[PDB]
């Protein structure tokens, strides 16, 4: 079968659980589409009631920041008439405004401006859908795919620059505040039975290094690459190339969403993470199998300096096997970041800078997470992970 008609293997990670992940493999002939712009993509997907099996082939580059006639849209196109960047900044400057939450005219106009862009860039994927890139050059630019449904396959696409024109100031976000944006490349919002495979996620032409600092903080236009939230469950992400990006993969969005417990069952294998700052993945609550991934970066880099790989968040149950980390000067302990509520981590075969380490013991964590994965393919020796992943991960490695 071609990539359009293939299904996730019956042993291939948490996505193969119960009914599994077939996407739109069983689609009838009038439910197979080829799309090369925003209009065609949106016609193809249709609405949430469009649940028959379907296959969607992406041909070339699809820019999501366009109008109904496909003309490029920008800041002034989305801008609420009452929004102004100068006046937003004057309004909420810590010096005069303090640490209270931004409110009043500018923030309200910013929130309306954001919903204007959102309406173009953000798109829901209906149940029983396969979306695959044709050839080696399928791209989605500015786009944020959202999956709230069941049974979706996404393969062989380069996702670039999920860029928010209206970042929000949060003075209470960390010790000196932060700017936060809304668009991921893919948001799995209560979505189930999902396979994301042979995709590439990057920040395109607008990396964070082209953004100014306001209030001494990076004016952050980006959010996640592949985030999972609100009871997302039964997901495999395999052979993806994540590079040149700050916050990659946040699984479980809130310490309060105790309902995520027993959910966020996600399998990450054979993914490349180059020049990613943090959260690869950051986990709350979930049984996440992380194996045969390769991480590479620099703590002293000028655009995307390495902070951590695995986030041990509240009640997280990460089971890590034979992952390879290449960050010069990094200690065994600093491969991960431990958050309150985080007490446990299984890891075996972890290689840091060519040396075998125990990341869990290095951090004083419990070595058992109360589960062992049964659904997985072959496990590479740590000694072959770097080669296998570099050669195989990302868009345009198949076609």
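Residue numbers count along the first chain shown, from 1.
The stretch 92 to 100 shows the higher mean C-alpha B-factor when 92 to 100 is compared against 157 to 165 in the entry. A summary of the deposited B-factors shows that, of 389 to 397 and 2 to 10, the stretch with the larger mean C-alpha value is 389 to 397. In this entry, the residue among 278, 233, 117, 151 with the greatest C-alpha B factor is 117. Sorting 299, 129, 253, 238 by the CA temperature factor given in the entry leaves 299 at the top. Among all modelled residues in this chain, the alpha-carbon of residue 20 has a temperature factor (C-alpha) in the middle third.
In the PDB entry, a CA B factor belonging to the highest third of its chain's modelled residues is recorded for residue 260. Sort the modelled residues of the chain by CA B factor and residue 40 lands in the middle third. Ranked within its chain, residue 179 lands in the middle third, by CA B factor from the PDB record. Among the modelled residues of the chain, residue 359 sits in the middle third by CA temperature factor in this PDB entry.
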